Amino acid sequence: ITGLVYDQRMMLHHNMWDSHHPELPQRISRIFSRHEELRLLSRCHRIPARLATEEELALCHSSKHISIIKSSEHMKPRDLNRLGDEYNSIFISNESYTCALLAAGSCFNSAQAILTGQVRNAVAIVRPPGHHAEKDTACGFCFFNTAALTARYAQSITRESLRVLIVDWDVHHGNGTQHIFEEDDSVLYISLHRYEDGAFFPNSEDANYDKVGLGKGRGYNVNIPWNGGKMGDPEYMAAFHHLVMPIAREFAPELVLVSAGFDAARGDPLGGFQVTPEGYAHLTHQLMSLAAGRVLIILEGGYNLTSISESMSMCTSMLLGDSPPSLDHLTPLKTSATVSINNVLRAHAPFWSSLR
């Protein structure tokens, strides 16, 4: 069984000053509608949304950050505008806090359904996104780090040392997820992201391949940064073959979370990349070979409504057990992708015998 969570209340968060903002309420409704059109919704077990609690938010976030985001829901528009402007790339409305609580709680209910055996795997069609949010601050359309919180929630309902893999295929680096787990060997973070020598959002050298983790976490942070090329299916498939899957298999996760932005998709106006819906299906199907299939796909970014709807629907089709669609596997890689892959191999060979 595959679970699906979607709740139209998460559409209530919006940019009060721009009706054409990329992080649009219709992102989640279009994805949900496409699941109905492709006859996937009726095949899934519907998992209800719920609110995260403040104690659950404190698994990854500071009390001050929780209280400031909570305080926004009382503010008049002028004060919402001021507060949002204090962060990097954030808009806030009076519904934002509630929507962020529902995004996280939806994912907790999904992780619980997987870990208790009610479903094998699941998809969560949620907003606002999470992976840029830090312990102490909001960033990049994200208020609380839904995927990071879900990893800690999973440990909280099992054992502290439950091995959780987070694969982040959003086109942007999940700076918050990296930082939250940087010293932690129980949560392996693997991000693929457009980097451009630190020029691309979120504009930090923390996203480079030589950031391998700290302390006991050394080797448990895998950054795969792309420079120069318009990356697509062959480059992501090659990164999975040489890096993501060998490392993940050696880590032997007990739960896989996907920070599944669809902003690397063909058609995305921000990402500039060309991963196809069939490409995302192949990435999902590979991850399904891990953790006895216990995979939760969590929406992050993605800004072409057609692209994200087709891409995420293809991922759900794979979770349901459908045959992976045909792909032209032979295609030659862009030259800069091979350079990136080799840089990651050089940085991570000391930590992973599967790369030696």
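Residue numbers run from 1 along the displayed sequence.
- The records show that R34 is included in the coordinate set of every other eligible entry of this protein, so it is not omitted in a third of them.
- Note: missing coordinates for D328 occur in a third or more of the other compared entries bracketing this position.
- Higher mean CA temperature factor, per the PDB entry, when comparing 285-293 with 299-307: 285-293.
- 227-235 and 261-269 differ in mean CA B-factor, and the higher of the two is recorded for 227-235.
- If you compare the C-alpha temperature factors of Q26, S42, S67, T53 in the entry, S42 comes out highest.
- Across the residues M312, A49, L38, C60, the deposited record lists the maximum Cα B factor for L38.
- Residue-level temperature factors show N15 in the lowest third of its chain, judged at the C-alpha atom.
- Ranked by Cα temperature factor within the chain, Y195 sits in the middle third according to the deposited record.
- Per the deposited record, the Cα B-factor of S71 falls in the middle third when ranked against the other modelled residues of its chain.
- Among all modelled residues in this chain, the alpha-carbon of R30 has a temperature factor (C-alpha) in the lowest third.
- Per-chain ranking of the deposited C-alpha B factor places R9 in the lowest third.
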